[PDB]
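The numbering used here puts the sequence shown at residues 6 to 128. The beta carbon of each residue, even a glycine, is placed where N, CA and C say it ideally should be. Everything on this sheet refers to the single structure shown next.
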Amino acid sequence: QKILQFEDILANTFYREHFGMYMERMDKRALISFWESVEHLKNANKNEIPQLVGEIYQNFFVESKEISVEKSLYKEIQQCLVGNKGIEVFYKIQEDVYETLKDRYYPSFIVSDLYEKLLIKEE
């Protein structure tokens, strides 16, 4: 009956892993992995926060482009991502990635063969 809400899809490890498998089919699993990394940051102890923020950059923002802003301005990027500013930036990107996952990818996941596995067959 009632459609699972995308908020609950990402809150439940069993649901979210199935949605991640669907994103892998689209070769866009880095979108949900980045969302999961920022969310893990929101619920992490502060002794791990700066190293996690650094691993987020090293896992999702180090794609080497031909016009290499990442290499030419490495120090300059890190300094404008230093403290609460960097955490606030990663939060805003997570918010934008969330809307893209919700509006562009979640509707086709509901009609995929994976949404069935999230439904309880009543006995």
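query	result
Per-residue burial, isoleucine 8 [other beta carbons within 10 Å of its own, 16 or more giving buried]	exposed
Where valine 43 falls, given that 16 or more other Cβ within 10 Å makes a residue buried	buried
C-alpha gap between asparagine 17 and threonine 105, whole angstroms	19 Å
Given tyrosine 79 as reference, the closest of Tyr62, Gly88, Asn89 once Cα atoms are compared	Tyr62
At least three beta-carbon pairs within less than 8 Å, the stretch 17-30 to the stretch 110-126	yes
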